[PDB]
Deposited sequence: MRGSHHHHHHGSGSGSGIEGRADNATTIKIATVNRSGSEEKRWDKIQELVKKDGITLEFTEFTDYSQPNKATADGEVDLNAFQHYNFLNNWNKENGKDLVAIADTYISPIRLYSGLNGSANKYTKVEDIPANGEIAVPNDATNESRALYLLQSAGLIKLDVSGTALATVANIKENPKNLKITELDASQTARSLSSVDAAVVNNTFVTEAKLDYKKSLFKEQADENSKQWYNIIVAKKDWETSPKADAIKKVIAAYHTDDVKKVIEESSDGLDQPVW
């Protein structure tokens, strides 16, 4: 059933995220510590997948969300006829291709070793699906019949030398699929929960137009007339500190790269 989540409660500012494992949420404890003197309590709704946080925000269940990149936001707004806005950039985490697993060993240590007739899992939402497909193309596994800013779908695969089966799954399910596929494209959000080591990935998305993959803090367009606007501006100030910069780098082991 849709919208699985839990809450993590410390003026009160409610933030929707997607749950991450290990130390990756420590940025939020540091931000809370910074805005404490200002009288601000943060409360988090932590969803399990990318379909829910923007809806929570447009519906007024939360004040902010922090989970997506600009492309995901733009696409979600267009699809849903909404106009949530980015009010700060956070980090970039270039998406990676990971080997399928045999127990806890990687089956492959190079792209070239993916077998003919193999299966690769990719996210199934338009922007991360596209992102994964361009990744598979830059890794030399496929060619696409779209380019530039065109969203690629699986129907846009033009060449497929190894006859790979490309299976699109929920973004939150690609890392879990690694026990039974040859390779998967996995968003940073899901890496730690599956116990993956991002530094042992087969392939990393190439920098270039990289800003479209920048993560953001998002609110409703009229947030600035809200009684919570002052508190929101302080939270943003706390995120954009040297202290938080360091916590993100340390608590994610470098997986998330701050962009401010």
What ranges of the deposited sequence are left out of this structure? 11-25, 224
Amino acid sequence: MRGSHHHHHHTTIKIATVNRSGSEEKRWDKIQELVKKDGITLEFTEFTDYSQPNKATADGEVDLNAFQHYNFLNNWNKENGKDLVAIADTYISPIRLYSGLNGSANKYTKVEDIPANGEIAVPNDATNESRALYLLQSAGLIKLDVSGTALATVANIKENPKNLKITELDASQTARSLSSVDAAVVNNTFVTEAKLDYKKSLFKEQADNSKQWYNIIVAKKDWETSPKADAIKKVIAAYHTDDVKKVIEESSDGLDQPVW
From here on, numbers count along this sequence of modelled residues.
Per the PDB record, is the mean Cα temperature factor higher over 194-202 or over 211-219? 194-202
Once average C-alpha B-factors are taken from the entry for 166-174 and 101-109, the winner is 101-109
I'd like to know which of 151, 84, 186, 136 has the highest C-alpha temperature factor in the PDB entry. 151
Can you tell me which of 20, 246, 10, 14 has the maximum CA B-factor listed in the PDB entry? 10
Comparing against every modelled residue in the chain, figure out the third that the C-alpha B-factor of residue 160 lands in (lowest, middle or highest). highest
Residue 33 - Cα temperature factor, lowest/middle/highest third of chain: middle
Could you look up the Cα B-factor of residue 147 in the entry and say which third of the chain it sits in: lowest, middle or highest? highest
Looking at the entry's B-factor column for C-alpha atoms only, identify whether residue 140 ranks in the lowest, middle or highest third of its chain. highest
Quick check for you: using the entry's CA B-factors within this chain, is residue 123 in the lowest, middle or highest third? lowest
